[PDB]
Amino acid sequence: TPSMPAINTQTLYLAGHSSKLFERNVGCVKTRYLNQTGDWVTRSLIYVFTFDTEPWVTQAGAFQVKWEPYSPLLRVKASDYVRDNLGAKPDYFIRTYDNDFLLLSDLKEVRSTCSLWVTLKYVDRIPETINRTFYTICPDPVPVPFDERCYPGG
């Protein structure tokens, strides 16, 4: 079966989210794998804050994730900074996933907010099936448009 992306070693990019989650001046949102200790994977949360900040500066946070096989929950132990400023929760509902995408939902909201994550394979072109699922399940879906500037080099 496909490998669960959250505990895998490929970088994940935020491709879509519910409007309510929206943070003004936050762009290029992605997560890189750092290491693993026991059942916990450590990843970074990378982004750019575009207001009154130099254009080459990347903001960075860190968090840990745990996924028991076939669990519908992703466990998240986010840093104090990430919990305080980016609203990270201790658990997320896993709607679906494949080798190169992950769709997460909030646990405690009745009108559950969502986030769609993809690997490099789909950053310039989200497959129609994933896009359709995202627009079906997610309240107030906001796509994150492709931007060349959010990547190393160009």
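Counting begins at 1, following the sequence as shown.
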property	result
Mean Cα B-factor comparison, 90-98 or 105-113, giving the higher one as deposited	105-113
Selected stretch [higher average CA B-factor]: 122-130 or 28-36	122-130
Lowest, middle or highest third - CA B-factor, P145	highest
Relative C-alpha B-factor of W67, binned into the chain's lowest, middle or highest third	middle
Third assignment of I137 from its chain's C-alpha B-factors	highest
